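**Q** My questions will all concern the structure given below.
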Amino acid sequence: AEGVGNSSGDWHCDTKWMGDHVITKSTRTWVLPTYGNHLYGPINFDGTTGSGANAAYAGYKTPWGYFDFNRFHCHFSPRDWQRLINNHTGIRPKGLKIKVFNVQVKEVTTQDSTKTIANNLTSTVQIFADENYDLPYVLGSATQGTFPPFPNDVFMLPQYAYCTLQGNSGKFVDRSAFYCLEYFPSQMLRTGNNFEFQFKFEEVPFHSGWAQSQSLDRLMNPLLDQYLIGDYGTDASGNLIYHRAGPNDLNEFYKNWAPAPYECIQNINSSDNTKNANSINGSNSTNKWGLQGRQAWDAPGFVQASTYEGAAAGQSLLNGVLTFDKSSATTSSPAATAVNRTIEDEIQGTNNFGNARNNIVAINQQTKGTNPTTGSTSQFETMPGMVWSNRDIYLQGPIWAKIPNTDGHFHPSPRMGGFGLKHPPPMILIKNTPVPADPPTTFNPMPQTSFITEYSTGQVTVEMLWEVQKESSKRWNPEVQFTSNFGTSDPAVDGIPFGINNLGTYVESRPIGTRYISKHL
Amino acid sequence: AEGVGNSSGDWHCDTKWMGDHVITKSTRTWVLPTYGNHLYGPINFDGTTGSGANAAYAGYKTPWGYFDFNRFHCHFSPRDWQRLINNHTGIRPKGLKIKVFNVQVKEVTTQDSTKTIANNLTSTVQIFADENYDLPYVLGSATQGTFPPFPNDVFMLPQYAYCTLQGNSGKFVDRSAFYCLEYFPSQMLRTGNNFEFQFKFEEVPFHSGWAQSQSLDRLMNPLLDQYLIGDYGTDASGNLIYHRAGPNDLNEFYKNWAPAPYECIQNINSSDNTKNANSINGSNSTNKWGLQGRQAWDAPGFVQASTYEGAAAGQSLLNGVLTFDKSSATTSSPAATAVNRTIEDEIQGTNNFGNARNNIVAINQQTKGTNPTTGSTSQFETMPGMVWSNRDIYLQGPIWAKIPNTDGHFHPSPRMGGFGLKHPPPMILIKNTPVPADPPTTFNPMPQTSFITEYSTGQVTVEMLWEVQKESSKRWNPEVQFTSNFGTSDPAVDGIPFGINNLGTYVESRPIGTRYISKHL
Amino acid sequence: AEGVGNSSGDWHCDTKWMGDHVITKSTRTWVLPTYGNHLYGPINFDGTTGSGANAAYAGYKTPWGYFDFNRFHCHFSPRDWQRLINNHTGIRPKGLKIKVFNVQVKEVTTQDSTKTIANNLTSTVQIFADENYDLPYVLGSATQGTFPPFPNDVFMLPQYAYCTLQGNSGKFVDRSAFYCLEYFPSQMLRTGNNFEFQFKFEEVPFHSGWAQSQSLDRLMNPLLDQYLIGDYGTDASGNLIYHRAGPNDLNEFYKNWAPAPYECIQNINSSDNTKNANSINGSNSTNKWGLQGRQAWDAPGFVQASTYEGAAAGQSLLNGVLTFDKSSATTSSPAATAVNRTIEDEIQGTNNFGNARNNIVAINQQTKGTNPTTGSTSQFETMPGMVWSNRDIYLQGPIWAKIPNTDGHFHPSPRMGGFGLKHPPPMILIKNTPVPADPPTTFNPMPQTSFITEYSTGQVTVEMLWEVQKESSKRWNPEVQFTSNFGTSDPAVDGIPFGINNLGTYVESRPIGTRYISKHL
């Protein structure tokens, strides 16, 4: 609204702990290139070559671009995260505000000698938030493009594309869709204008932030013995023999609840070289689920315990655990020293080890002459009276995901992590309006393909409102908590962990989960 | 409050049927020994010897002791139970009151010639109820120690212990917990004082108390035939052939609902000797579920029909059915004549027989030259459109269990039986405060280990409020009901069933379930 | 707020003497380069080479920059200073206002042929004042970068860096800190905006501005003699002999108070060549204090009298006296003619000469056969009943320093001079926001390192409120006062003292202390 000289907004970054709720606020700077020369392309990859038939897709490209702010480390700093996870046992989102301002548009002029960048005063950007969820929602796929961890750096908004249904060999069909984005109302921003937006989340259950100090197989008073009786075998004559379950053997007890379902996942030992087999194929050893005549990876799949206390060090599941990069990088095949590989030991109480494959069930019907025989099961799914714990929310992982709109869903939670939502925060799209190059003198009915090269930039702020649970636990001895144990670091090379290294990049040392507090089942 | 001479409370036992709700009330006498000489021990059993590695545990002992009133036969008498289950088709708990009074503390003096018991006027007991569920909750494990069935007898409060996480070979780890119980507020009771407590349950669904008179495979009007068509095979040419499902064959009908999931459980015939195989091993034939590198019994597991109408008499599942003792006894391996072995025939409508293993599914893809082949499944888990019925609540079985606190749970109901609860009735702990023996003259900074031997006793009352459903069913012919058919009994030996036998013990003749009323699906 | 055409503020420079308080006001112009290409580096120097192991440090660099206005000659002019120190015997700060305005941002374009500077209308600067003292406070180290003395010149804001804890050889450790400055709220200023700030000092004692006309060793009426008696020795027999202290000898008197503590400081004669020893090493002759395994200079250390009346001319302490430059210059080793070397003669009443080393104390216990022996002390620290006077505040010296936040401190005053403060004026930081260069067409997830070169400029005003003491002293004869005695000056070379010389530089002739008024102890 206000003229060129006045500023359309000011920097705000703070986190204040008010009580049962906390407010985080942050501001960053972005840059928006002009994508595709203002053209919608179709895109496809047929399964004829390269990866294979399972990789086929079909969809469109768009000149528009969008903000993806969904990860935790956008809204917290390694210190403030620590402050959260040691004291507080749960968190859920409440509402959020988002504002973009101080837009300015610049124009590039190439002489082939050098490039010239001259600030254009009159030109606009188009921005709108989609309330009705009419566009395909591409957030929640854990793609790159999210805000940088560290507030100083400048990031580049990603292009917006989507995948529709496909026939064989990646061709369109009747059900296929095409979404013209200019058909949506928007708001044109010129320097001196600002875009404000408001949202409030639906009610969701607190994420459990406590590690658990008991197990299911021991829920019992170890000094006593049950009043239920159980069958210890048969006599040599065929009579039935009874036995009572005492403290001498605690595996006999009849028990009310059962552990989680599972699907056997192959195990792999990251740190210890001598455990793994030689030259296993990652693609052929992975659990898959097929759909529509083709089959895609199932990963991570339903959560399983990576390792249990007492197991060999470095034990882990194959593609059953999330993995992150020390710092944002485009490398396709990073080295092992550049990756943070999470492990789940906090759920080992309820959830079985992934590859254990212990469960046993009876495969035949006894009678005179035939002995009862049992066998292990490679997959064991849900039945009444089971309990399980969801995967943890890492500092580096996604905040939420959009529950697909379908007839039915079973205990919706994202398998990667976070809060499943019916209505998630809407997706905010932006583009910079086209400015045509000088037209010819005479009338040409064709459309105009020649444009002035330009890009935009500005600031964006995001304000989150979080709701936390503070607890009182009466255990006597001190709990474990998250602390920084690194011995020393040379500023000539790596700098401080969780701090800018020598070359100016920001590095995230080690992954951080939320369960450090022991709480009994 | 009042002095030594006056009594702190009076006996109350009654059951009054007021309407849709009934109130039970009862009073018993208890005795509390001094446990462990007022010391916390650690306790463990390593898997090196005896039972095996699956039996390892680690935990603590405590001088405290507690009341466990959770079983049905505490609150009802065999007559009042009968009155319930014939008329009423459902019951759920509403609230309860509990009061303990008439405490008196006595002191033992051994001369080695004889013991002397002299009433101590000044000394106290400590008692508190835990509201916030901070202590490990050891009720719901079906351990012994519950109130006696028969109000005359005097019972002895059990000691309080618990099991935490364990490393390998039964050692403590970081997550392990230690709970000092003196760190809790309590109330000191001296003779003339009384402790009162109040509780109100959460809303829970009525327990279904009706046996079911139909089946799933017959939901249909037997005189008609469907308007849906179905495939009866193929021609010799390969054309498809159709057939309509008529009254001549009722297994063809397309059906809306499916029966319960199951896990094959081995079958064993209790009464008939000639059916069972010789010398089967109970431990090796039982369904198990592994956790944390070790595997414990799964029993009873999800409910299955013990026997179906028409099956051979004495047919039953192995460790799939609850079993009780005629009377409380400490024997580790009772004889077959001393045990009540329940059977589930009332659910045979929805739930399949346990070991049946009938289900069939297609294992291959047909085409020219290859015939379609099918095979039976040893485990079949939940899928949409299934129905099942929960296990019955016996007069002798547990009332409730505490749902573990976890991210997710599927249709919580205890596999043993009863009402699953988020917040159960709190656990009430009591101990008798230490009185030190004569100290030495000079100051010794060490703590004092020498105490005066003593024990406490008194009365406790429990008042339950129950909510029942009375019904109207229009079936013409008379229903089955629970009646006492025993021909005769010699008072020189067994006395009356459900009555004190010759030697003064109370004996519970036969198990009693709650489903005697037929009600159609 | 207002548009491009209107001016955001006007020049204000005045000093008005209203009473017991005086208000100074001034305005200057600044220029802010872009530091470090918007990157945080770590910086360290290991003790392997060059200076030595005592020189090691570790810390960070920052793109931010800050105003340091703390010196006296920013706020006063040599005339107004004179007016102060002759009439008034004390001064302390009261409050201050600071405002920055008329910001304008320009952009450099290099063609390699020549540089082009074109005014950018749309771009901002970020500025915030830190209230809570969360950042390391680097003012008070007497580093360069302060406003110029003379209002005409334009100065360049210094970069902001800090030093944390260090391990051996200048490496980071666990306690080390990293402060992201964008995590602070700020205010974006675009042309037409202004930043205003308000502060008020804590209560502090007036700085004593009077030289003292008496001594401690003469507090007495010279015509009289004490009624106390004192020991003049012993007889030849060993009896004790008494003597009364009369006017004939005034060093005998018993005295109530004692002079200041001291640490012997080496003496050096600046003007007279023939006094000093040949080729003494400054580093090896200086008082030091070690910390954390290494040792740093102690200078100036606690104040001592440079010279006393009657001593040889040019006598001074080594590194015990402040030294200044005639004019701001970057020379590492200036010539002796370019430096103002202060001297402390006004405190010679209470404070002893630095290198005197007069004090004497008894080192042994007398008895028959052994004579009492005494010896001089090289260091004599505080004991009850001592008095001392703080170092003077020069026109060219620092105004204040921040008392470190610690458990305890003894008579906090900065050893360099000025007013020690718990909460000093906050440190005001500023940077010019980054503008990215043209991005590539396709999406690159990496952060953007290519920026447009630019710098900012504008005006800043500072308004101080001072509180002074005017006095009445009844001495008859005229006091000494500060006057300008220079005989003559050739405008072809040096111009007027305290005035711009031939080449356009501003030169400060001689140092000016605040104690010209004699006032008796």
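**Q** Along Cα-to-Cβ, 7 Å out, sits the label point; list in nm, shortest first, how far the one on C:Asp80 is from those in the other copies.
**A** Inter-copy label distances (nm, one decimal, shortest first): 4.3, 9.6.
**Q** Give the shape of the protein assembly as shown as rounded, prolate or oblate, defined through the alpha-carbon gyration tensor: a ≥ b ≥ c are the square roots of its eigenvalues, a/c under 1.5 means rounded, and otherwise the shape is prolate if a/b is larger than b/c and oblate if not. Can you show the working numbers first?
**A** Working: a/c = 3.00, a/b = 1.58, b/c = 1.90.
Cα axes put the protein assembly as shown in the oblate bin.
**Q** Please give the charge dipole size of the range A:1-158, origin at the Cα centre, charges +1 on K and R Cβ atoms and -1 on D and E Cβ atoms. Round to the nearest 20 debye.
**A** 500
**Q** I'd like the distance separating the alpha-carbon centroids of the range A:85-151 and the range A:449-484, in whole Å.
**A** One Cα centre to the other: 16 Å.
**Q** Can you work out which chain C residue has the shortest Cβ-to-axis distance for the rotation that carries C onto B, and give it in Å?
**A** C:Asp174, 10
**Q** Dipole size in debye (nearest 20) for the protein assembly as shown around its Cα centre, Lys and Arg Cβ +1, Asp and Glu Cβ -1?
**A** For the protein assembly as shown, the charge dipole is close to 160 debye.
**Q** Then there is this: Any idea which of B:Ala53, B:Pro511, B:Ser8 is furthest toward the positive side of the dipole for chain B, if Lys and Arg beta-carbons carry +1 and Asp and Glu beta-carbons -1?
**A** Result: B:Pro511.
**Q** Going by average Cβ density within 10 Å per residue, which order do the peptides B:360-366, A:144-150 take, highest to lowest? Let's see the in-between values first.
**A** Working: B:360-366: 9.7, A:144-150: 19.4.
Per-residue Cβ counts within 10 Å, averaged per peptide and sorted highest first, yield A:144-150, B:360-366.
**Q** How far, in nm to one decimal, is B:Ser450 from itself in the other copies if the label point is set 7 angstrom along Cα toward Cβ? Shortest first, please.
**A** List, nearest first: 9.0, 11.2 nm.
**Q** Give me, ordered by chain and number, the residues 5 or more places off A:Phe451 or on other chains with an amide H under 5 Å from its own placed amide H.
**A** HN-HN under 5 Å from A:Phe451: A:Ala437.
**Q** Spelling out what I want: for every residue of the range C:350-367, take phi, set θ = phi - 60°, compute 6.51 cos²θ - 1.76 cosθ + 1.60 (Karplus), and round to whole Hz; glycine and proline get x.
**A** So the J values, rounded to whole Hz, are 7, 8, 6, 4, x, 8, 4, 6, 7, 4, 9, 8, 8, 9, 8, 9, 6, 5.
**Q** For chain C, what is the mean residue ellipticity at 222 nm derived from helices alone (per DSSP H run of n ≥ 4: -39500 (n - 2.57); sum divided by total residues; nearest 500 deg cm²/dmol)?
**A** Mean residue ellipticity at 222 nm (helix-derived): -500 deg cm²/dmol.
**Q** Also, quick follow-up: Can you list residues from other chains, or at least 5 along the same chain, whose modelled amide H is less than 5 Å from the amide H of A:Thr367?
**A** Under 5 Å from the amide H of A:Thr367: B:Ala277.
**Q** Still on this structure, please answer the following. Which whole number gives the average, over all residues in B:48-55, of C-beta atoms from other chains lying within 10 Å of the residue C-beta? Walk me through the numbers before you get to the answer.
**A** Values: counts 0, 0, 2, 6, 2, 1, 5, 6.
Per-residue shielding by partner chains comes out at 3.
**Q** Another question about this same structure. Using per-residue counts of other Cβ atoms within 10 Å, averaged over each peptide, order A:317-329, C:255-267 from highest down.
**A** Values: A:317-329: 18.6, C:255-267: 16.9.
Ranking the peptides A:317-329, C:255-267 by packing returns A:317-329, C:255-267.
**Q** Something else: Given a cut-off of 24 Å, name the pairs among A:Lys61/A:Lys402; B:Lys106/B:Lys431; B:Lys16/B:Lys99; C:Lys326/C:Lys519; C:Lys16/C:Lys474; B:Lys200/B:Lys474 whose C-alpha atoms lie farther apart than that in the structure shown.
**A** Details: A:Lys61/A:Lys402 22 Å; B:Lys106/B:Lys431 14 Å; B:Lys16/B:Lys99 19 Å; C:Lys326/C:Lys519 31 Å; C:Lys16/C:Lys474 28 Å; B:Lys200/B:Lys474 36 Å.
Correct reply: C:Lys326/C:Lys519; C:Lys16/C:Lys474; B:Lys200/B:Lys474.
**Q** Mind checking which of B:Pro93, B:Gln111, B:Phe69 is farthest towards the positive end of the range B:49-139's charge dipole, using Cβ charges of +1 (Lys, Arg) and -1 (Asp, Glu) about the Cα centre?
**A** Checking the options against the dipole of the range B:49-139, the answer is B:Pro93.
**Q** I need the inter-copy label distances for B:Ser472: point set 7 Å along Cα to C-beta, values in nm with one decimal, smallest first.
**A** 5.2, 11.2
**Q** Same structure, new question: Work out from phi, with θ = phi - 60° and the Karplus expression 6.51 cos²θ - 1.76 cosθ + 1.60, the ³J(HN,Hα) of each residue of the range B:509-521, listed in order in whole Hz, and give x for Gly and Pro.
**A** 4, 9, x, 10, x, 9, 9, 10, 9, 7, 9, 5, 4
**Q** For the range B:149-165, in order, what is each residue's ³J(HN,Hα) by Karplus, 6.51 cos²θ - 1.76 cosθ + 1.60 with θ = phi - 60°, in whole Hz (x at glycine and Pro)?
**A** Values, residue by residue: x, 9, x, 6, 6, 10, 10, 10, 5, x, 6, 10, 9, 7, 10, 9, 5 Hz.
**Q** Among C:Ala311, C:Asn351, C:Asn251, pick out the residue whose Cα is farthest towards the positive end of the charge dipole of chain C, where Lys and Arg carry +1 and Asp and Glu carry -1 on C-beta, about the Cα centre.
**A** With unit charges placed on the Cβ atoms, the residue in question is C:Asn251.
**Q** Nearest 20 debye, what's the magnitude of the dipole of the range C:434-485 about its Cα centre given +1 on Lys and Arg Cβ and -1 on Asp and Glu Cβ? Mind dumping the intermediate values first?
**A** On the way: 3 positive and 6 negative charges, 72 e Å.
In total the dipole reaches around 340 debye.
**Q** Mind checking A:9-16 for the average number of partner chain beta-carbons within 10 Å of each residue's beta-carbon? Intermediate results must be reported in sequence, preceding the final value.
**A** Numbers: counts 2, 9, 11, 4, 7, 3, 1, 0.
What the average comes to for A:9-16 is 5.
**Q** Report the Rg/Rh value for the range B:179-301, based on alpha-carbon coordinates and the Kirkwood definition of Rh. Don't jump to the answer; show the numbers that get you there.
**A** Numbers: Rg = 28.9 Å, Rh = 23.4 Å.
That ratio equals 1.23.
Every number here is computed from the coordinates shown, using simple stated rules; none is lab data. Because the Cβ atoms are built from the backbone with ideal geometry, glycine has one as well, and the counts that use them run over all protein chains shown.
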